[PDB]
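Visitor: Pasting in a structure now, in structure tokens, and then I'll have a few things to ask.
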There are 4 protein chains.
Amino acid sequence: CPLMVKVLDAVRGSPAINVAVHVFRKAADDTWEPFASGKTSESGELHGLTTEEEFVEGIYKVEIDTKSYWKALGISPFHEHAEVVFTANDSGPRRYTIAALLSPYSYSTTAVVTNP
Amino acid sequence: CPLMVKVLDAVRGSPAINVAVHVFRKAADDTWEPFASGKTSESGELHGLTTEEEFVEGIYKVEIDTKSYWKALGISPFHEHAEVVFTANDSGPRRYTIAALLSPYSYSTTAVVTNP
Amino acid sequence: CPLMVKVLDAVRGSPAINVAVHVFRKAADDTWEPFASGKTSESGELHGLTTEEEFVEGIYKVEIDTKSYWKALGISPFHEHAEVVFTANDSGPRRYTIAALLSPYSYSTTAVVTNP
Amino acid sequence: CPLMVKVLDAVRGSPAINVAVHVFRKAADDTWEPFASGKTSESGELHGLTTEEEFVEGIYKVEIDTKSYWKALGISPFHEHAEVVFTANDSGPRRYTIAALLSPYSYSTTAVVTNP
Ligand SMILES: Oc1c(Br)c(Br)c(Br)c(Br)c1Br
Ligand SMILES: Oc1c(Br)c(Br)c(Br)c(Br)c1Br
């Protein structure tokens with residue numbers, strides 16, 4: 001899988017488990033079309049969202065439902081979610097790991113991109 | 001002004017100057033409607049985006065044009081922009097400072113909410 | 001004052017108030033000698049640590065007592081403290097702002113160096 | 001191995017390869033004694049620093065040589081290194097992953113702690 005998402009909880013110092021993640025791709029008509037979704041595992045990771053064949057060149061958006069994650073832990077966070085928007089595979093296929101480091105009032109997101 | 005944005009450049013170690021910032025408010029149609037905008041100053045700050053009278057409760061999105069910023073510096077960026085989506089609530093501190101720390105392939109955004 | 005520290009709390013989304021900060025300067029014996037110290041204000045800032053006359057080139061260490069801060073809030077922390085070690089250089093901007101963004105199991109520190 | 005270090009480059013969006021890492025443990029006499037060292041792999045990871053038997057309860061310091069990393073890339077960074085100081089195994093053996101996200105003038109470090 002060319003697209004992987006990893007979510008970590010900066011309060012507990014652990015993977016953020018069962019976090020919903022939705023991926024969209026900008027369509028020719030400039031609207032966000034559903035592309036893939038899933039939930040993070042016990043390791044805070046989400047694999048198998050797509051394939052090299054399906055993951056074509058385009059602008060993508062990964063929305064991580066951080067609000068539900070914090071609310072489930074008894075915390076009312078600042079952000080509705082964490083959304084990562086980026087152009088992918090414009091110079092050929094690449095492997096993308098989208099990491100998100102979560103705190104109730106702050107989050108960091110990083111992309112580690114490597115060749116297939 | 002109850003809403004301010006501050007942006008920093010983690011590569012140069014300085015305020016991120018002249019970064020375009022657009023604020024949107026979610027409408028009944030669930031669409032994003034332009035609310036306020038501007039460019040960060042020499043101190044990397046943007047104030048005077050709104051007033052207490054106009055800044056009512058609701059869902060807001062702050063989009064920071066990080067791609068144009070890195071492009072101007074000749075550094076290849078990953079993200080199209082940095083979006084901060086949140087719900088403004090009156091039963092909470094009155095002033096919101098959205099700080100964004102930028103790196104070409106990584107960014108963090110934090111909300112510092114305080115009283116006047 | 002050419003050196004200032006600002007600390008934020010990523011859990012509460014506010015300035016980190018009353019955090020102990022100690023500055024050390026590396027001596028010829030390669031040991032750390034106390035240089036300046038204080039506690040962050042209600043705005044999470046610490047200024048007036050030194051003067052331009054005293055702040056000569058050399059290696060400095062800023063230690064932020066993050067453990068005592070989280071302990072006071074009843075949240076189990078990971079780090080003993082946050083250390084920022086750097087070389088001050090005259091052939092570079094004159095003012096240093098060391099910002100630290102705190103989470104119980106994660107922290108980021110950034111240097112914003114500017115001219116007067 | 002109960003102690004792993006992962007280093008990422010936030011400018012290139014890739015693992016930070018060949019980064020020197022030194023680990024120390026506070027001795028009964030309150031000085032930092034050498035404990036283990038190594039360099040990050042092509043994946044930005046450093047495994048095999050210690051064992052469950054050797055990694056006893058104590059205060060540890062992981063110093064990541066970020067300066068040499070940036071200098072080798074033609075960049076003069078702010079920090080001399082990134083040092084993570086923490087108490088380990090005080091409630092029994094744990095597995096620690098110390099992650100460091102690097103930028104020339106900023107760095108973030110997070111600890112993901114899990115049971116053996
Ligand atoms: O003033 C700030 C600076 Br400078 C940095 Br860097 C960060 Br991160 C945050 Br949050 C604030 Br508020
Ligand atoms: O594996 C990672 C972990 Br763990 C953390 Br924390 C961060 Br930040 C990043 Br980027 C990666 Br990739």
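Labels for the structure tokens follow display order: chains A, B, ..., residues from 1 in each chain, ligands from 1.
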When all Cα positions are paired in order and chain C is fitted onto chain A, what RMSD is left, to one decimal?
Guide: 1.0 Å
Visitor: Enumerate residues in contact with ligand 1: an atom-to-atom distance of at most 8 Å, counting only C-alpha atoms and all ligand atoms. Format the result as a ChimeraX atom specification.
Guide: /A:106 /B:6-8,10,15,97-101,108-112 /C:6-8,10,15,97-101,108-112 /D:106
Visitor: Include N, CA, C and O atoms and write out the residues we just selected as a compact mmCIF listing (two decimals), in the first residue's frame.
Guide:
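This is the output file result_8.txt:
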```txt
# COMPACT_ATOMS: atom_id res chain seq x y z
N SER A 106 -3.61 21.09 20.06
CA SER A 106 -2.52 21.20 19.10
C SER A 106 -2.26 19.88 18.40
O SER A 106 -2.52 18.81 18.95
N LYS B 6 -0.69 33.58 13.92
CA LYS B 6 0.74 33.83 13.98
C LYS B 6 1.39 32.64 13.29
O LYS B 6 1.02 31.49 13.55
N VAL B 7 2.31 32.92 12.38
CA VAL B 7 2.96 31.86 11.62
C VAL B 7 4.48 31.97 11.71
O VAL B 7 5.04 33.06 11.53
N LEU B 8 5.14 30.85 11.96
CA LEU B 8 6.60 30.82 12.07
C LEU B 8 7.22 29.85 11.08
O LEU B 8 6.63 28.83 10.73
N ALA B 10 10.13 27.29 10.56
CA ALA B 10 11.06 26.42 11.29
C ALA B 10 12.39 26.16 10.58
O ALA B 10 13.31 25.60 11.17
N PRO B 15 9.77 34.71 11.87
CA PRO B 15 8.34 34.76 11.60
C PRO B 15 8.18 34.51 10.10
O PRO B 15 9.12 34.73 9.32
N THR B 97 -5.82 32.55 19.55
CA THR B 97 -4.59 32.76 18.80
C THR B 97 -4.29 31.40 18.15
O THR B 97 -4.23 30.37 18.83
N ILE B 98 -4.26 31.39 16.82
CA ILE B 98 -3.97 30.18 16.07
C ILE B 98 -2.51 30.32 15.63
O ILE B 98 -2.18 31.21 14.84
N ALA B 99 -1.63 29.52 16.22
CA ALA B 99 -0.22 29.56 15.86
C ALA B 99 0.09 28.37 14.96
O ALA B 99 -0.42 27.27 15.18
N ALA B 100 0.88 28.61 13.91
CA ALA B 100 1.26 27.55 12.98
C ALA B 100 2.77 27.58 12.84
O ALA B 100 3.35 28.63 12.59
N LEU B 101 3.40 26.43 13.05
CA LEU B 101 4.85 26.30 12.95
C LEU B 101 5.09 25.50 11.68
O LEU B 101 4.68 24.34 11.59
N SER B 108 2.76 22.20 12.55
CA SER B 108 1.98 21.99 13.75
C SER B 108 1.14 23.23 13.91
O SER B 108 1.52 24.31 13.45
N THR B 109 -0.06 23.05 14.43
CA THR B 109 -0.92 24.18 14.68
C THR B 109 -1.45 24.06 16.10
O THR B 109 -1.83 22.96 16.54
N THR B 110 -1.44 25.17 16.82
CA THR B 110 -1.86 25.19 18.21
C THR B 110 -2.83 26.34 18.45
O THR B 110 -2.71 27.39 17.82
N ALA B 111 -3.81 26.13 19.32
CA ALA B 111 -4.74 27.18 19.66
C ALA B 111 -4.44 27.62 21.09
O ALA B 111 -4.37 26.79 21.99
N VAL B 112 -4.21 28.91 21.29
CA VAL B 112 -3.96 29.47 22.62
C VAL B 112 -5.19 30.35 22.82
O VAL B 112 -5.38 31.33 22.11
N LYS C 6 9.24 31.52 25.85
CA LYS C 6 7.79 31.51 25.86
C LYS C 6 7.40 30.04 25.88
O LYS C 6 7.95 29.23 25.12
N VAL C 7 6.48 29.69 26.77
CA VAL C 7 6.07 28.30 26.91
C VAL C 7 4.55 28.17 26.82
O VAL C 7 3.81 28.92 27.46
N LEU C 8 4.09 27.20 26.03
CA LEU C 8 2.66 26.96 25.86
C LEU C 8 2.27 25.55 26.24
O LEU C 8 3.04 24.61 26.10
N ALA C 10 -0.12 22.57 25.37
CA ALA C 10 -0.90 21.99 24.28
C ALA C 10 -2.13 21.20 24.72
O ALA C 10 -2.96 20.83 23.90
N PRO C 15 -1.15 29.67 27.72
CA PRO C 15 0.26 29.84 28.05
C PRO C 15 0.53 28.94 29.26
O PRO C 15 -0.40 28.60 30.01
N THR C 97 14.22 34.20 20.64
CA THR C 97 13.00 33.80 21.34
C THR C 97 12.98 32.27 21.27
O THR C 97 13.07 31.69 20.18
N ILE C 98 13.01 31.63 22.43
CA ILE C 98 12.98 30.18 22.51
C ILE C 98 11.54 29.83 22.90
O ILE C 98 11.09 30.18 23.99
N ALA C 99 10.79 29.27 21.96
CA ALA C 99 9.41 28.88 22.23
C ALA C 99 9.36 27.37 22.46
O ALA C 99 10.05 26.61 21.77
N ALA C 100 8.59 26.94 23.45
CA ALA C 100 8.45 25.52 23.75
C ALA C 100 6.97 25.21 23.82
O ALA C 100 6.21 25.90 24.52
N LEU C 101 6.54 24.20 23.07
CA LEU C 101 5.15 23.78 23.04
C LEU C 101 5.11 22.46 23.77
O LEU C 101 5.72 21.48 23.32
N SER C 108 7.95 20.42 21.55
CA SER C 108 8.70 20.95 20.44
C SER C 108 9.30 22.25 20.92
O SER C 108 8.75 22.90 21.81
N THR C 109 10.49 22.55 20.43
CA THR C 109 11.12 23.80 20.78
C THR C 109 11.59 24.45 19.49
O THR C 109 12.15 23.79 18.60
N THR C 110 11.35 25.76 19.38
CA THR C 110 11.70 26.50 18.18
C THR C 110 12.43 27.78 18.56
O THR C 110 12.16 28.37 19.60
N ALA C 111 13.40 28.18 17.74
CA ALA C 111 14.11 29.42 17.97
C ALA C 111 13.67 30.42 16.90
O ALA C 111 13.71 30.11 15.71
N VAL C 112 13.21 31.58 17.32
CA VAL C 112 12.80 32.64 16.40
C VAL C 112 13.84 33.72 16.69
O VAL C 112 13.89 34.27 17.79
N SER D 106 14.07 24.14 14.71
CA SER D 106 13.03 23.59 15.55
C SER D 106 13.04 22.08 15.54
O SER D 106 13.46 21.45 14.56
```
Visitor: Give me, as a ChimeraX atom specification, the residues of chain A touching chain B, with the criterion being at most 12 Å (counting only C-alpha atoms).
Guide: /A:31,58-67,76-90,96-113
Visitor: Quick one: write out the picked residues with N, CA and C atoms as a CSV table (one decimal), in the first residue's frame?
Guide:
```csv
chain,number,residue,atom,x,y,z
A,31,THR,N,-14.5,19.3,-6.7
A,31,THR,CA,-15.1,19.0,-5.4
A,31,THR,C,-14.4,17.8,-4.9
A,58,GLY,N,-3.0,13.4,-8.4
A,58,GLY,CA,-4.1,14.2,-8.0
A,58,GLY,C,-3.9,14.9,-6.7
A,59,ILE,N,-4.9,15.7,-6.3
A,59,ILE,CA,-4.8,16.4,-5.0
A,59,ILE,C,-5.7,15.6,-4.0
A,60,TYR,N,-5.1,15.2,-2.9
A,60,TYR,CA,-5.8,14.4,-1.9
A,60,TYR,C,-5.9,15.1,-0.6
A,61,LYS,N,-7.0,14.7,0.2
A,61,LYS,CA,-7.2,15.2,1.5
A,61,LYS,C,-7.5,14.1,2.5
A,62,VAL,N,-6.7,14.0,3.5
A,62,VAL,CA,-6.8,13.0,4.6
A,62,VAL,C,-7.4,13.8,5.8
A,63,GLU,N,-8.6,13.4,6.2
A,63,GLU,CA,-9.2,14.0,7.4
A,63,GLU,C,-9.2,13.0,8.5
A,64,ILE,N,-8.6,13.3,9.6
A,64,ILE,CA,-8.4,12.4,10.7
A,64,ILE,C,-9.4,12.9,11.8
A,65,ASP,N,-10.3,12.1,12.2
A,65,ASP,CA,-11.3,12.5,13.2
A,65,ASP,C,-10.8,12.6,14.6
A,66,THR,N,-10.0,13.6,14.9
A,66,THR,CA,-9.4,13.8,16.2
A,66,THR,C,-10.4,14.2,17.3
A,67,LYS,N,-11.5,14.9,16.9
A,67,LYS,CA,-12.5,15.3,17.9
A,67,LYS,C,-13.1,14.1,18.6
A,76,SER,N,-12.7,17.7,25.6
A,76,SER,CA,-13.3,18.5,24.6
A,76,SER,C,-12.2,19.3,23.9
A,77,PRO,N,-11.7,18.8,22.8
A,77,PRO,CA,-10.6,19.4,22.0
A,77,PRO,C,-10.9,20.6,21.2
A,78,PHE,N,-9.9,21.3,20.8
A,78,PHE,CA,-10.1,22.5,20.0
A,78,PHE,C,-10.5,22.2,18.5
A,79,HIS,N,-9.7,21.4,17.8
A,79,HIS,CA,-10.0,21.1,16.4
A,79,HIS,C,-11.1,20.1,16.1
A,80,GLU,N,-11.8,20.3,15.0
A,80,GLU,CA,-12.9,19.4,14.6
A,80,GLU,C,-12.2,18.1,14.1
A,81,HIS,N,-11.1,18.3,13.5
A,81,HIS,CA,-10.3,17.2,12.9
A,81,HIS,C,-9.0,17.7,12.5
A,82,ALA,N,-8.1,16.8,11.9
A,82,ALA,CA,-6.8,17.2,11.4
A,82,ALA,C,-6.9,16.8,9.9
A,83,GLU,N,-6.8,17.8,9.1
A,83,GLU,CA,-6.8,17.5,7.6
A,83,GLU,C,-5.5,17.9,6.9
A,84,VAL,N,-5.0,16.9,6.2
A,84,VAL,CA,-3.8,17.0,5.4
A,84,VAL,C,-4.1,17.0,3.9
A,85,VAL,N,-3.8,18.1,3.3
A,85,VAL,CA,-4.1,18.3,1.8
A,85,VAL,C,-2.8,18.3,1.0
A,86,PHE,N,-2.7,17.5,0.0
A,86,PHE,CA,-1.4,17.4,-0.7
A,86,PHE,C,-1.6,16.8,-2.1
A,87,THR,N,-0.6,17.2,-3.0
A,87,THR,CA,-0.6,16.7,-4.4
A,87,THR,C,0.2,15.4,-4.3
A,88,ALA,N,-0.3,14.3,-4.9
A,88,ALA,CA,0.4,13.0,-4.8
A,88,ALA,C,0.7,12.5,-6.2
A,89,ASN,N,1.9,11.8,-6.3
A,89,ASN,CA,2.3,11.1,-7.5
A,89,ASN,C,2.5,11.9,-8.8
A,90,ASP,N,2.8,13.2,-8.6
A,90,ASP,CA,2.9,14.1,-9.8
A,90,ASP,C,4.3,13.9,-10.5
A,96,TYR,N,3.7,7.2,0.6
A,96,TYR,CA,3.4,8.2,1.6
A,96,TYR,C,3.0,7.7,3.0
A,97,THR,N,3.7,8.2,4.0
A,97,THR,CA,3.3,7.9,5.4
A,97,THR,C,2.9,9.2,5.9
A,98,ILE,N,1.6,9.4,6.3
A,98,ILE,CA,1.1,10.6,6.9
A,98,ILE,C,1.0,10.4,8.4
A,99,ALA,N,1.9,11.0,9.1
A,99,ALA,CA,1.8,10.9,10.6
A,99,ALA,C,1.1,12.1,11.2
A,100,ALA,N,0.4,11.8,12.3
A,100,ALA,CA,-0.3,12.9,13.0
A,100,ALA,C,-0.1,12.7,14.5
A,101,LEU,N,0.5,13.7,15.1
A,101,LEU,CA,0.8,13.8,16.6
A,101,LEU,C,-0.2,14.6,17.3
A,102,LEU,N,-1.1,14.0,18.1
A,102,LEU,CA,-2.2,14.7,18.7
A,102,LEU,C,-2.1,15.1,20.1
A,103,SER,N,-2.6,16.3,20.4
A,103,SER,CA,-2.8,17.0,21.7
A,103,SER,C,-4.2,17.6,21.6
A,104,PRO,N,-4.8,17.8,22.8
A,104,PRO,CA,-6.2,18.4,22.8
A,104,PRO,C,-6.3,19.8,22.1
A,105,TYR,N,-5.3,20.6,22.2
A,105,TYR,CA,-5.3,22.0,21.6
A,105,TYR,C,-4.2,22.2,20.6
A,106,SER,N,-3.6,21.1,20.1
A,106,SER,CA,-2.5,21.2,19.1
A,106,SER,C,-2.3,19.9,18.4
A,107,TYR,N,-1.8,20.0,17.2
A,107,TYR,CA,-1.5,18.8,16.4
A,107,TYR,C,-0.4,19.1,15.4
A,108,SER,N,0.4,18.0,15.1
A,108,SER,CA,1.4,18.2,14.2
A,108,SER,C,1.2,17.0,13.1
A,109,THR,N,1.5,17.3,11.9
A,109,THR,CA,1.4,16.3,10.9
A,109,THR,C,2.6,16.4,10.0
A,110,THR,N,3.2,15.2,9.7
A,110,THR,CA,4.4,15.1,8.9
A,110,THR,C,4.2,14.1,7.8
A,111,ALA,N,4.8,14.3,6.7
A,111,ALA,CA,4.8,13.3,5.6
A,111,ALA,C,6.2,12.8,5.3
A,112,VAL,N,6.3,11.5,5.4
A,112,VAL,CA,7.6,10.8,5.1
A,112,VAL,C,7.3,10.2,3.7
A,113,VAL,N,8.0,10.6,2.7
A,113,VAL,CA,7.8,10.1,1.3
A,113,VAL,C,9.0,9.4,0.8
```
Visitor: Would you list, as a compact mmCIF listing (two decimals) with N, CA, C and O atoms, in the first residue's frame, the residues of stretch 43-96 of chain C that end up in strand (DSSP E) under DSSP run on this structure's backbone?
Guide:
```txt
# COMPACT_ATOMS: atom_id res chain seq x y z
N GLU C 45 5.45 33.86 29.30
CA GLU C 45 6.70 34.44 28.84
C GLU C 45 7.66 34.76 29.98
O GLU C 45 7.25 35.01 31.11
N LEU C 46 8.90 34.69 29.68
CA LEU C 46 10.00 35.05 30.56
C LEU C 46 10.98 35.92 29.77
O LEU C 46 11.60 35.47 28.80
N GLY C 58 28.83 32.07 22.71
CA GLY C 58 29.19 30.91 23.51
C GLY C 58 28.06 29.91 23.43
O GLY C 58 27.06 30.15 22.75
N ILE C 59 28.21 28.79 24.13
CA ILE C 59 27.18 27.76 24.13
C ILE C 59 26.30 27.91 25.37
O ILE C 59 26.79 28.00 26.49
N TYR C 60 24.99 27.94 25.14
CA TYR C 60 24.02 28.10 26.22
C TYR C 60 23.03 26.95 26.26
O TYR C 60 22.75 26.32 25.23
N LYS C 61 22.49 26.69 27.45
CA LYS C 61 21.50 25.64 27.64
C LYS C 61 20.32 26.24 28.40
O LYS C 61 20.50 26.87 29.44
N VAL C 62 19.12 26.10 27.84
CA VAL C 62 17.91 26.58 28.49
C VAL C 62 17.16 25.33 28.93
O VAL C 62 16.83 24.47 28.10
N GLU C 63 16.98 25.18 30.23
CA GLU C 63 16.29 24.03 30.79
C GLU C 63 14.93 24.49 31.30
O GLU C 63 14.84 25.41 32.12
N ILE C 64 13.87 23.86 30.80
CA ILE C 64 12.51 24.20 31.17
C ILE C 64 11.95 23.05 32.01
O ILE C 64 11.86 21.91 31.53
N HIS C 79 9.05 13.44 30.17
CA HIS C 79 10.35 14.08 30.32
C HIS C 79 10.64 14.68 31.69
O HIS C 79 9.73 15.08 32.41
N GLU C 80 11.91 14.72 32.04
CA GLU C 80 12.33 15.31 33.30
C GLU C 80 12.26 16.82 33.10
O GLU C 80 11.90 17.57 34.00
N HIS C 81 12.58 17.24 31.88
CA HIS C 81 12.59 18.64 31.48
C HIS C 81 12.87 18.75 29.99
O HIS C 81 13.10 17.73 29.33
N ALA C 82 12.81 19.97 29.50
CA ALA C 82 13.11 20.28 28.11
C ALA C 82 14.37 21.17 28.13
O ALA C 82 14.37 22.22 28.77
N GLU C 83 15.40 20.68 27.49
CA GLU C 83 16.71 21.36 27.36
C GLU C 83 16.87 21.90 25.95
O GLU C 83 16.65 21.16 25.00
N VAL C 84 17.25 23.13 25.80
CA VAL C 84 17.47 23.67 24.46
C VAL C 84 18.93 24.09 24.52
O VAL C 84 19.27 24.97 25.31
N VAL C 85 19.81 23.46 23.75
CA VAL C 85 21.24 23.81 23.75
C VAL C 85 21.59 24.43 22.40
O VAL C 85 21.31 23.84 21.35
N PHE C 86 22.21 25.61 22.43
CA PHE C 86 22.55 26.33 21.21
C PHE C 86 23.76 27.24 21.36
O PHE C 86 24.14 27.61 22.47
N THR C 87 24.34 27.64 20.23
CA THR C 87 25.47 28.56 20.23
C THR C 87 24.96 29.93 19.82
O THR C 87 24.26 30.08 18.82
N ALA C 88 25.23 30.94 20.65
CA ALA C 88 24.82 32.30 20.34
C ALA C 88 25.92 32.88 19.46
O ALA C 88 27.10 32.71 19.75
N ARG C 95 18.16 39.17 18.47
CA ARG C 95 17.20 38.73 19.48
C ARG C 95 16.77 37.27 19.31
O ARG C 95 16.40 36.85 18.21
N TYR C 96 16.83 36.52 20.41
CA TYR C 96 16.46 35.11 20.44
C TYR C 96 15.20 34.85 21.26
O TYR C 96 15.12 35.22 22.44
```
Visitor: Write out as a ChimeraX atom specification the residues lying within 12 Å of residue A:56, counting only C-alpha atoms and excluding same-chain residues fewer than 3 positions away.
Guide: /A:2-3,25-27,35,50-53,59-60,87-94
Visitor: What is the atom CA of residue A:54 to atom CA of residue A:24 distance in Å?
Guide: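 So the two atoms, atom CA of residue A:54 and atom CA of residue A:24, lie 12.6 Å apart.
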